[PDB]
Amino acid sequence: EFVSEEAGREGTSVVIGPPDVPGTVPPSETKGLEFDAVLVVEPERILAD
Amino acid sequence: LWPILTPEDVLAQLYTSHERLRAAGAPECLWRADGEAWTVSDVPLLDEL
Amino acid sequence: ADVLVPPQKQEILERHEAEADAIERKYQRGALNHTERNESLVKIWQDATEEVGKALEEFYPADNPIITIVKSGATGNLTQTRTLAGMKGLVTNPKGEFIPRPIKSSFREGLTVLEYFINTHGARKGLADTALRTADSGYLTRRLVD
Amino acid sequence: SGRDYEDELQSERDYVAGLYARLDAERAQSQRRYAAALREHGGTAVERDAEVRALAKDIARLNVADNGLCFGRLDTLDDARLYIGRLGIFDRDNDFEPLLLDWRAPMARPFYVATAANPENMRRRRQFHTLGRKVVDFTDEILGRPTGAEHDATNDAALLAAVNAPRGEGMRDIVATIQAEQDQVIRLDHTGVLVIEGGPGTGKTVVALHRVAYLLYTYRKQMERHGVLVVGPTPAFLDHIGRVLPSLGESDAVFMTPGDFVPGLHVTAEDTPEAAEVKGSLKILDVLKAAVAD
Amino acid sequence: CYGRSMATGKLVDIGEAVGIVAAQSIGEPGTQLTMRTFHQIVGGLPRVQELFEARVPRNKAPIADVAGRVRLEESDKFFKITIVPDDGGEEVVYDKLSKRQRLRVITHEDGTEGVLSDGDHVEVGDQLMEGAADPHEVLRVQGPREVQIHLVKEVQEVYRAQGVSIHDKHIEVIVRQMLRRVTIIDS
């Protein structure tokens with residue numbers, strides 16, 4: 001749903017999450033970048049690794 | 001008694017064997033099965049060698 | 001008397017001097033580099049040399065001895081005639097770069113002291129390098145013969 | 001993406017096309033004169049060689065500037081437009097009005113050193129992103145308190161325009177404070193080791209690249225032959241830098257991740273934190289020497 | 001095969017040493033060519049020595065290995081070119097072409113002046129860049145006879161640009177020696 005919504009929007013956006021979750025990238029992969037919209041998956045999980 | 005060495009030789013023999021590891025004074029943390037399976041921490045050591 | 005000077009010379013020189021003054025203004029205004037100023041001045045004075053050459057070639061009567069020898073194909077060329085009665089033009093420094101300020105005098109008028117001094121550089125260059133040119137040609141010829 | 005931006009881009013493209021037309025005309029004239037000098041020069045051998053070499057140097061100079069001829073534009077507070085490029089181009093027909101400025105000329109200095117808190121009489125700095133002869137796009141930087149109008153490809157203009165806060169106990173312009181801090185970072189005289197540290201969202205990266213551009217223009221004699229080493233955490237970040245990196249003059253930049261330091265080797269894997277700690281500290285040097293001595 | 005002697009205007013007599021005559025004819029106008037720098041790419045003698053020594057050109061330009069259509073994949077400061085062969089064979093790629101050299105200008109009937117572009121039919125041994133083709137590339141691509149023709153063409157072009165009037169046959173006499181031997185693979 002987030003992916004579909006961000007298509008009609010303007011700008012750039014990303015999903016941040018564990019590799020276990022399909023279609024997400026780890027936070028380290030965005031260490032120095034900036035995006036308009038971000039969707040974060042399972043903060044209580046990626047906070048523990 | 002005094003062989004010609006390359007950095008990869010030094011690091012592989014160091015990581016692969018516990019005897020050379022103890023001789024060099026490194027801890028057991030550095031041992032790994034594959035010597036030439038380089039990681040981001042090995043690159044500066046290779047450069048220094 | 002036979003070495004005619006084209007009357008258009010001074011007007012052409014004044015026009016190109018106005019162009020040079022415009023470039024001087026632009027350089028002093030910070031819009032232009034030193035080397036780029038040299039480039040532009042060199043090109044303008046090359047244009048001036050071509051203009052004076054055309055004026056000299058159109059002014060001379062067909063039967064004048066100086067132009068007669070050249071146009072008959074006996075010897076010489078129009079560049080030497082322009083140098084003789086037009087303007088010597090730009091000359092090189094020892095490094096082979098054109099000196100931006102040309103020799104506006106002709107050998108008929110006689111050069112000023114500094115024009116002659118800056119002229120001597122290329123003359124000695126040519127006198128000095130001829131043996132090397134001959135040696136290179138002879139070496140190539142020797143290898144072809146072998 | 002909008003029709004107004006497209007129209008402005010098209011205008012700039014037309015101007016650049018005219019610049020390239022002049023470039024080609026000059027190159028054709030130079031080539032013709034070069035052939036004429038080779039074939040029918042009546043002077044001495046030394047004079048012919050000098051003229052031929054001068055024309056060859058001119059042709060090479062024109063060729064090296066063919067790619068990316070134009071860097072950008074400066075819009076002065078007096079509305080004067082200056083174009084900055086690899087070569088200077090002038091109208092002999094109008095007393096040498098510069099259609100293009102060589103980036104090393106003093107009049108082009110603001111394109112590198114100008115800042116939004118100590119401007120050099122300039123209103124705006126526009127950078128052209130180019131490929132070959134065509135301008136792929138352009139980006140505007142406003143040297144003041146932007147209204148968020150012009151496209152900048154970094155959103156700094158719109159975001160700064162979107163500032164919102166009360167005047168405060170002591171009246172503060174807020175925006176001017178940001179401009180002043182970024183300027184005082186950029187225009188620093190210290191050419192040694194500089195550390196820029198700021199919380200996220202302050203645009204530290206673009207400020208650092210502006211500082212780099214200022215340094216590389218000011219000291220171009222001492223650095224241009226040595227180049228720049230840009231170190232980044234990920235290849236995507238280095239692509240970002242490649243997108244936003246300002247003009248470096250004739251200099252060049254080499255992009256590396258910390259895993260790319262060894263030439264010919266690329267590494268991505270990470271060790272365990274304990275192994276990483278022991279390998280990272282300088283006390284590993286005692287081990288390595290010992291490993292050699294063994 | 002030699003033809004007439006230029007001096008006599010009649011078929012060359014048996015026994016006459018055309019080799020030394022060709023060498024002298026080529027070498028005699030050598031001082032009229034632009035020389036190497038003595039201050040210590042310009043043409044003239046420096047290139048002539050380059051051609052007769054069969055050296056790899058400093059201003060080298062790659063040449064098409066196969067005839068086909070060009071697909072151009074320009075980069076920021078480099079060029080990449082692919083040739084889709086009209087024969088249906090393997091696509092051939094040149095991958096590290098510089099932009100300091102400008103792309104080949106064609107001068108074909110399809111215009112008056114123009115540069116290589118996508119979809120252009122490029123022939124075998126056709127150059128892709130302005131500069132000089134490596135004669136060894138011509139040898140492996142086009143073959144010995146075409147190499148001799150190419151060498152004569154380049155040398156006479158250098159001489160013509162300098163206003164010299166050497167007949168091609170002397171250049172051919174010289175070039176024949178450059179391709180006189182074969183290296184044996186199997187006895």
Debye sum, Cα scatterers, the stretch D:149-294, no solvent: what log₁₀ I/I(0) at q = 0.10, 0.15, 0.18 1/Å? -0.55, -1.01, -1.22
Where the Cα atoms of chain B are projected onto their three principal axes, how long is each span, largest first, in whole Å? 28, 23, 17
All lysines inside 22 Å of A:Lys31 as judged from Cα atoms, apart from same-chain residues fewer than 8 positions distant: D:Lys204
Proximal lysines to E:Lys10, defined as alpha-carbon separation beneath 28 angstrom and excluding residues fewer than eight positions away on the same chain: E:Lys153, E:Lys169
Straight-line reach from C:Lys125: which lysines fall under 22 Å, measuring Cα to Cα and dropping same-chain residues less than 8 apart? C:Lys88, C:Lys95, C:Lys104, D:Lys57
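Would you please name the GluC sites (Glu not before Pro) within the stretch D:128-194 that are DSSP coil residues with at most 16 other C-beta atoms within 10 Å of their C-beta?
Working: sites: D:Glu141, D:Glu150, D:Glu169, D:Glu181; in loops: D:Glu150, D:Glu169.
Here the GluC sites (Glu not before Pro) that fit, given the DSSP loop and packing criteria, are D:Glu169.
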Net charge, E:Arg145 excluded, C-beta distance under 13 Å - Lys, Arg +1, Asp, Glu -1: 0
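Starting from the exponent 0.38 and prefactor 2.2 Å, build the expected Rg for the stretch C:1-114 from its residue count and divide its actual Cα Rg by it. Walk me through the numbers on the way to the answer.
Numbers: Rg = 15.9 Å, N = 114, 2.2 N^0.38 = 13.3 Å.
Cα Rg divided by the expected 2.2 N^0.38 Å: 1.19.
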How about the stretch D:172-252: which trypsin sites (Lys or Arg not before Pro) there lie in a loop by DSSP and see at most 11 other Cβ atoms within 10 Å? D:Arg225
Among D:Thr272, D:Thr202, D:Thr154, which one shows the biggest mean-square fluctuation in a GNM of chain D, springs joining Cα atoms closer than 10 Å? D:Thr272
Name the GluC sites (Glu not before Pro) in the stretch E:105-187 that are in a loop by DSSP and that have at most 15 other C-beta atoms within 10 Å, would you? E:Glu109, E:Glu113, E:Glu123, E:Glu130
Using alpha carbons only, how many degrees (0 to 90, rounded to 10) separate the axis of helix D:3-40 from the longest principal axis of chain D? 50
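Taking GluC sites (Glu not before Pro) as candidate sites, keep only those in a DSSP loop with at most 12 other Cβ atoms within 10 Å, then name the longest stretch of chain A containing none of them.
Working: sites that count: A:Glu1, A:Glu10.
Longest gap between qualifying sites, sites excluded: A:11-49.
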Karplus ³J(HN,Hα) for the stretch D:192-200 (6.51 cos²θ - 1.76 cosθ + 1.60, θ = phi - 60°; Hz, whole; x = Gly/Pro) runs x, 7, 10, 10, 10, 10, x, x, x
In deg cm²/dmol and to the nearest 500, what is the mean residue ellipticity at 222 nm of chain C if only DSSP H runs of at least 4 residues count, each as -39500 (n - 2.57), divided by the residue total? -22000 deg cm²/dmol
Return the Cα extents of the stretch E:79-187 along principal axes one, two and three, sorted largest first, each rounded to a whole Å. 48, 40, 27
Amide H to amide H, which residues 5 or more places from D:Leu99 or on other chains are under 5 Å from it, using H placed in the peptide plane? D:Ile89, D:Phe90, D:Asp91
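When only C-alpha pairs under 8 Å and at least 6 residues apart count, what is the relative contact order of chain D, in percent?
10
For n ≥ 4 DSSP H runs only, could you compute -39500 (n - 2.57) per run for chain A, divide by its residues and tell me the 222 nm figure to the nearest 500? Walk me through the numbers before you get to the answer.
Working: 2 runs with 11 residues, N = 49.
Helix-only estimate at 222 nm: -4500 deg cm²/dmol.
Sum -39500 (n - 2.57) across every DSSP H segment of at least 4 residues in chain D, then divide by the residue count to get the 222 nm mean residue ellipticity, nearest 500. Write down the numbers at each step before the final one.
Working: 10 runs with 127 residues, N = 294.
Helices in chain D give a 222 nm mean residue ellipticity of -13500 deg cm²/dmol.
Apply 1/(1 + (r/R0)^6) to the Cβ-Cβ distance of E:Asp110 and B:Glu8, taking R0 = 56 Å, and write down the FRET efficiency to the nearest 0.05. Mind showing how you got there, number by number?
On the way: r = 56 Å, r/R0 = 0.99.
Plugging the Cβ-Cβ distance into 1/(1 + (r/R0)^6) gives 0.50.
Rule-based calculations on the coordinates, nothing more; no lab input. Positions of Cβ are generated from backbone atoms using ideal geometry, with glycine treated the same way; all protein chains shown enter the neighbour counts.
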